[PDB]
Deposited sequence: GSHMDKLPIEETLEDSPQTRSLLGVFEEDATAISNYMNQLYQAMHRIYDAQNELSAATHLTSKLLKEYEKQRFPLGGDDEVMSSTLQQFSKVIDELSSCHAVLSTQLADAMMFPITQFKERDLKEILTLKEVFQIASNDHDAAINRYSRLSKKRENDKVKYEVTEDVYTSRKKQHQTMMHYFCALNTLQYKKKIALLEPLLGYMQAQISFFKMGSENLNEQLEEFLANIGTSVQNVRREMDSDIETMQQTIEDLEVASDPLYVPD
């Protein structure tokens, strides 16, 4: 780039790219924010369920079950902590860099864009005033002033243009960084989550769950048997009640 016309032309293309960048990255921000919120809500719900299972012993019903519930509550508490760790990492390694891109970087672009537009308006006004004053008989003073304002407004325009162009050039790098960092952060958090979660979901736990399954089928069978007893008891009491 050697001059303002080539620079201004390239500025415009960079500004159009920044537009497409903003749109896509805003959509990515939003999708990621949904992952973030859902994962925080899941951590909280998982933890609350474990907490409720611990409270079973505190219910007063006018031991085997309390122990089974304690064992479930321990495993769930472990899973809840995997979810909580993931949530935390997701905030820091995924949400932060995508939020910083939208709230700091895309914002800087808009700000510098409008500073440049006003500088531009101002120079346009100086050029208009020069045109107005060119059409009349005048003294040196206002003629010197109006020329001078053209020079100083153009310089202001060029300087603000360059601040804007620098940020738009830098945006080309920031875009790449802000795409890859949060995806890397997300994947790294997930590897830890799945490995830690998988590692305590073991063969002992499988034995435990197999035994629960058997205890459930047992209760069902005892239930059906006792329903027959109650039906007999009902017939007896019908007789005895008259």
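Missing from the model, relative to the deposited sequence, are the stretches 1-12, 75-79, 260-265.
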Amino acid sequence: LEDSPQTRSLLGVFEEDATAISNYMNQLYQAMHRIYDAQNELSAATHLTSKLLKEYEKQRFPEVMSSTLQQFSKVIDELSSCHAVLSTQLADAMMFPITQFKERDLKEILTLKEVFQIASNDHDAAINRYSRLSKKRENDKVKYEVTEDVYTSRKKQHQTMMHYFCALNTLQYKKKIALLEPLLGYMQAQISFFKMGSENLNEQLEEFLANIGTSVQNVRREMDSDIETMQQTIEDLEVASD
From here on, numbers count along this sequence of modelled residues.
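Once the C-alpha B-factors are averaged per stretch, 230-238 and 21-29 rank with 230-238 first. Relative to its counterpart among 51-59 and 191-199, 51-59 has the higher mean temperature factor, C-alpha atoms as listed in the PDB entry. Across the options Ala45, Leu205, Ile35, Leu183, the residue with the most elevated CA B-factor in the record is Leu205. The residue among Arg129, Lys113, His83, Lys74 whose C-alpha carries the highest B-factor in the deposited model is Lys74. Among the modelled residues of its chain, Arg154 has a C-alpha B-factor that falls in the lowest third, as given in the PDB entry. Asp92 sits in the middle third of its chain by CA B factor, as recorded in the PDB entry. Among the modelled residues of its chain, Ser120 has a C-alpha B-factor that falls in the lowest third, as given in the PDB entry. In the PDB entry, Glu108 places in the lowest third of its chain by CA B-factor.
Split the chain's modelled residues into thirds by C-alpha temperature factor. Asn139 is in the highest one.
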